[PDB]
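Asks:
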Amino acid sequence: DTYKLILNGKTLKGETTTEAXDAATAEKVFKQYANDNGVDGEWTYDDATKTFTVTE
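Residue numbering for the sequence shown follows our numbering, beginning at 4 and increasing consecutively.
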């Protein structure tokens with residue numbers, strides 16, 4: 004399935020998507036993406052919309 008990431012850092016805002024097996028693998032990929040763009044963040048997930056949000 005396609006999972007979505009919502010970036011809601013203090014300055015880093017945006018959305019991006021990735022394909023995954025399960026949600027946990029998508030989370031690991033998204034966390035690396037966020038890290039490479041300056042956000043280490045508080046992570047939440049809405050399974051109904053297959054959407055992760057990372058907040059600072």
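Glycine included, C-beta positions come from ideal geometry on N, C-alpha and C.
Which two residues bound the contiguous alpha helix (DSSP H) that contains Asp25?
Replies: As a first step, residue 25 is located in the sequence shown; it is residue number 22 there, counting from the start. DSSP places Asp25 outside any alpha helix (DSSP H), giving it a letter other than H or E.
Asks: For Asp49, report the span of its beta strand (DSSP E) as first-last.
Replies: As a first step, residue 49 is located in the sequence shown; it is residue number 46 there, counting from the start. Where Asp49 is concerned, the enclosing beta strand (DSSP E) stretches over 45-49.
Asks: Kindly indicate the opening and closing residues of the beta strand (DSSP E) around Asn11.
Replies: Looking up residue 11 in the sequence shown gives position 8. Counting along the chain, the beta strand (DSSP E) containing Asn11 begins and ends at 5-11.
Asks: Near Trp46, what residues of its chain come up, given a Cβ to Cβ distance below 6 Å and the 5 sequence neighbours on each side ignored?
Replies: On the sequence shown, residue 46 is found 43 positions in, with the first residue counted as 1. Around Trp46: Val57.
Asks: Mind checking whether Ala23 and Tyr6 have CB atoms under 8 Å apart?
Replies: Along the sequence shown, read from residue 1 onward, the residue named residue 23 stands at position 20. Along the sequence shown, read from residue 1 onward, the residue named residue 6 stands at position 3. Yes; because the gap between Cβ atoms is below 8 Å, this pair is in contact.
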